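Asks: turn this into a structure:
(chains A, B, C and D)
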Amino acid sequence: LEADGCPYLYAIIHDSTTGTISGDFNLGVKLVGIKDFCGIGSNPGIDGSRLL
Amino acid sequence: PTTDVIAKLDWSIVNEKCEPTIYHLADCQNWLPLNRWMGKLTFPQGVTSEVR
Amino acid sequence: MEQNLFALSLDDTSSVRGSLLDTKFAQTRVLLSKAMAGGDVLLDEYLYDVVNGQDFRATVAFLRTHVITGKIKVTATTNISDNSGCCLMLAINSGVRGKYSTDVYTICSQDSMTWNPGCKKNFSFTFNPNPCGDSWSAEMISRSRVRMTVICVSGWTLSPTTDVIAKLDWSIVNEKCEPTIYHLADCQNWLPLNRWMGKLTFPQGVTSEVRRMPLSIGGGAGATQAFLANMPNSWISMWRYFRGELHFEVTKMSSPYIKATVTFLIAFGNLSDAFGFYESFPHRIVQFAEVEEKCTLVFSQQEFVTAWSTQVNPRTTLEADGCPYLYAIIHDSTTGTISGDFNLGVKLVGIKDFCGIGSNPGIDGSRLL
Amino acid sequence: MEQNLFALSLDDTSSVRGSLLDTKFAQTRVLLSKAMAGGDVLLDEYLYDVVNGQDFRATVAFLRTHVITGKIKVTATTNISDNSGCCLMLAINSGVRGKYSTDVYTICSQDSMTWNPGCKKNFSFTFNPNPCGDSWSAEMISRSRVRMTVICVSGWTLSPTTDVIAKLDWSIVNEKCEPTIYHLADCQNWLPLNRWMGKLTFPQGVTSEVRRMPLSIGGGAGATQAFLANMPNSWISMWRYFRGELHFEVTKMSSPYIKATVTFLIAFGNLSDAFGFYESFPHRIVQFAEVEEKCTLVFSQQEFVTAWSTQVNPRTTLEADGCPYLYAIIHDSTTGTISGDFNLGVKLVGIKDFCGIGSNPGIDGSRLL
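Replies: Numbers count the residues shown, from 1 in each chain, chains lettered A, B, ... in the order given. What follows is the structure:
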């Protein structure tokens, strides 16, 4: 993490999660698409990917 | 729920037109649909501070 | 290359302004225990201290601008499931002295914001920390000791499973600052009072409840062999008799699961709780939808035939009190599939077309709020 | 009361701007010992670190704005009595690698500001830390390792009685960022080089001094069994032969008390120091007033009959060097009622109507600067 020079989408809790019922607050997040996409250069590739 | 639940799916053919969703290798595209799942954020109830 | 440094824009004497992002100077965390109770002081400290370990975009500007011209805006964030609720209040007062009272009554006269997290998921308001003028500054509010107190006016009807946290956001906005100066003119068209009338608590049940709030509001709120007062209440006490169009704000402080229909009217102290014909008087009927929390009652001059005493002798019995009362009555019954009382907050916001009559020599003490 | 927080201006994505007061993000203190010498590195560190313990109006904004669009402006403040002087240089380079050279030659190619505190009492310049584009950001210059080095290019002619301090002020200004990209076009109308030609030192005396700087600038500055080069100098070396209108900047690096009249001209390596008729060639005569420190020489295309070699074999004797030289000659004599040499700094700023001819296979090494 300290060496990752690319940006991250951050999700932060502004106050606190609550409820008069037990349960976690679960959010689903999906990158629908990119507008004005720009691909640069050919990727030779890297095997594998960090955990989702 | 106090019981098992049932969802009813209805399949019909509608009069909207069919359209292709073809991917190509243009460096610049104005809309690259990805639908790439970023993850399921789970925040536990509590006065704690969470960052994803 | 070489420049005339005297000419540069280093002496920029302007107030802070910009987007809300650039205009924010501090954030505060207030902890609401899962068992807070009402009276509970959640955070009480000088306004200035709110800016302490802060490192937001306008923090330095807030501290180094000599004359700030905009208002302070506070935004509170917190929310609970729809089967619970409570009532919080953020208040600002120009100062404190001694072992001061932090009761709702005492703290809500100057600038307050009061909401129910079960009905609203955020709440904001703007204020001018310098009531005499149209500008202030960090150094000024610091040295002059402006206080910021947050209290639980009414606790959770049903406790959240965990302690809860409210996040306060402090920003400077571009609204203009305006004084709120009080003067001795017998007739004024708007006398803001923000005088707390009380917390009505109605137990769930088929029983009949009647609440009587006296309009002879002189003195203050009663306390044990003492009384509490604030500048606005003390000010109206200068007058012997008074009259005007009264404006009240009713807040639903209980969870939205507790339901009741209350009817408000003006009548005299001598009607009995069993009087069966309260609705033969002109009245209003209040019911709150799940998400609703506030209501405004306006009693016009046509509801009062003459002026009444600002204050009545404390030992004045109900049967002998000749001044009008605001009555809160339960139209049907309080209910809920959850245990809890139906709690309402009532505040006399101000009087329109106020009329003060004669000098009040004064009476020591006040009936119980 | 309750608001749609998603709608507020919290996603304000704009660059920092405002008065110089609101637009300042850091200040730096550089210490000039009373015995600094020239070569002396006064402060050398990553640009980003300059923003460390800072608490000015734009510090947070500088760090939290994702895309900054304006230029950085540095202002230096310091000044000495008129009988002393020296020459300082603030330089910016996109990176460093290894046990790098911090010689004037090596550091002044990208963005530099160079002055004499005895002539100027402050000096400022603006720069774009991202030469490929028109925007940058704190995170970018941090991760990409942009360097900021301040050196003494020439020491005090006469020492101040105490150590001196220069105060650097860093602000973001509203000028637009622009790339400074190099390409391989044989003809370009402006090839910025900022190639340091050398420090001319003329001793006080009735003697005759001649300085010869070679225009066959390929390779770099000579060093002990090594050479130093920088991107612009390396770039022009790609060409076998070259030609163009040369633009030079001459800086008076000595105290204003040391006076001399130098004459600049273009001639070949084989004239002797004793040649008595240098002024039979087209030339310019330079004299600096007390407060003047810079001069600009422009040698037009009419001073060169053909193109010359970008680089000549290192072992090429003066008598055999067939390429032109910039000559600096003392017209009268160097004097002063104080001891000190007359020191001039000379830099080839760029070439107008540059013309590169053929590919240079290369020669290892370069004559001494």
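Asks: how about the strands in chain A?
Replies: Using DSSP state E, the strands of chain A run over A:25-38.
Asks: number of residues surrounding residue A:19?
Replies: Neighbours of residue A:19 under the rule other Cβ atoms under 10 Å in any protein chain shown: 18. Using the backbone N, CA and C atoms, a C-beta is placed for each residue, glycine as well.
Asks: residues contacting whichever residue of chain A sits closest to chain C?
Replies: Chain A approaches chain C most closely through residue A:16 (3.9 Å), counting by Cβ to the nearest Cβ. By Cβ atoms under 8 Å, 6 or more residues apart in numbering or on different chains, the contact set of residue A:16 is B:45, B:46, B:47, B:48, C:78, C:162, C:163, C:164, C:165.
Asks: do the same with residue A:48
Replies: Applying Cβ under 8 Å, 6+ apart, no residues qualify as near residue A:48.
Asks: look up how far chain D lies from the residue nearest the centre of chain A.
Replies: Nearest residue to the geometric centre of chain A (Cα atoms, centre = their mean): residue A:9, 5.0 Å. Per Cβ to the nearest Cβ, to the nearest Å, residue A:9 is found 13 Å from chain D.
Asks: skip the chain neighbours and tell me the closest residue to that residue.
Replies: With sequence-adjacent residues excluded and distances taken as Cβ to Cβ, 6 or more residues apart in numbering or on different chains, residue A:9 is closest to residue B:38, at 6.9 Å.
Asks: looking at it, the one you found is touching residue A:31, isn't it?
Replies: Yes: contact status for residue B:38 versus residue A:31: in contact at 5.7 Å, counting by Cβ atoms under 8 Å.
Asks: mind checking the end-to-end distance for stretch A:2-16?
Replies: 26 Å (Cα to Cα, to the nearest Å).
Asks: list the contacts of the spatially closest residue to residue A:27 that is not a sequence neighbour.
Replies: Closest residue to residue A:27 apart from its sequence neighbours, by Cβ to Cβ, 6+ apart: residue B:41 at 4.4 Å. Counting by Cβ under 8 Å, 6+ apart, residue B:41 makes contact with A:11, A:26, A:27, A:28, A:29, B:52.
Asks: kindly recompute the last result at 6 Å.
Replies: A:11, A:27, B:52 (Cβ atoms under 6 Å, 6 or more residues apart in numbering or on different chains).
Asks: can I get these in CSV including neighbour count?
Replies: Listed next are the contacts of residue B:41 as CSV, based on neighbours: other Cβ atoms under 10 Å in any protein chain shown:
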residue, neighbour count
A:11, 14
A:27, 12
B:52, 16
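Asks: quick one: contacts for the residue of chain A most remote from its centre?
Replies: The C-alpha centroid of chain A is most remote from residue A:20, which lies 29.2 Å away (Cα atoms, centre = their mean). For residue A:20, the contact set (Cβ under 6 Å, 6+ apart) comprises C:81, C:83, C:84, C:158, C:160.
Asks: try 8 Å
Replies: Counted by Cβ under 8 Å, 6+ apart, residue A:20 has contacts C:80, C:81, C:83, C:84, C:158, C:159, C:160, C:161.
Asks: find the nearest non-adjacent residue to it, please.
Replies: residue C:81 (4.3 Å).
Asks: ok, the residue of chain A found nearest chain D - how many residues close by?
Replies: Relative to chain D, the nearest point of chain A is residue A:5 (5.2 Å; Cβ to the nearest Cβ). Using other Cβ under 10 Å, residue A:5 has 9 neighbouring residues.
Asks: how far does stretch A:43-52 stretch from one end to the other?
Replies: By Cα to Cα, the extent of stretch A:43-52 from end to end equals 21 Å.
Asks: what of stretch A:38-51?
Replies: Terminal residues of stretch A:38-51 lie 25 Å apart, using Cα to Cα.
Asks: same question, stretch A:11-26
Replies: For stretch A:11-26, the end-to-end distance is 12 Å (Cα to Cα).
Asks: go through that stretch and flag the buried ones.
Replies: Counting neighbours by 16 or more other Cβ atoms under 10 Å in any protein chain shown, one finds that the buried residues in stretch A:11-26 are A:13, A:15, A:16, A:17, A:18, A:19, A:20.
Asks: which residues touch the fifth one?
Replies: The contact partners of residue A:18, by Cβ under 8 Å, 6+ apart, come to B:45, C:78, C:79, C:80, C:81, C:160, C:161, C:162, C:164.
Asks: right, and the first one touches residue A:21 too?
Replies: No: assessed by Cβ under 8 Å, residue B:45 is found out of contact with residue A:21, at 9.3 Å.
Asks: hang on, the earlier thing: out of the contacts of residue A:20, which comes closest to chain B?
Replies: residue C:161 (6.0 Å).
Asks: was I right about residue A:25 contacting residue A:14?
Replies: No: counting by Cβ under 8 Å, residue A:25 sits too far from residue A:14 to count as a contact (11.9 Å).
Asks: pop out the phi and psi values for residue A:51.
Replies: phi -70, psi 140 (degrees, to the nearest 10).
Asks: okay, now it: neighbour count?
Replies: 4.
Asks: equivalent analysis for residue A:30, please.
Replies: With other Cβ under 10 Å as criterion, residue A:30 counts 11.
Asks: what sits against it?
Replies: Counted by Cβ under 8 Å, 6+ apart, residue A:30 has contacts B:35, B:36, B:37, B:38.
Asks: if it is in a bridge, with which residues?
Replies: Beta bridges link residue A:30 to residue B:37, judged by DSSP bridges.
Asks: likewise residue A:25?
Replies: Beta-bridge partners, per DSSP bridges, of residue A:25: residue B:43.
Asks: report the contact partners of it.
Replies: Applying Cβ under 8 Å, 6+ apart, the residues contacting residue A:25 are A:17, A:19, B:42, B:43, B:44, B:45.
Asks: pick out the most distant pair among these.
Replies: Spanning the widest gap among the contacts of residue A:25 are A:19 and B:42, at 13.6 Å by Cβ to Cβ.
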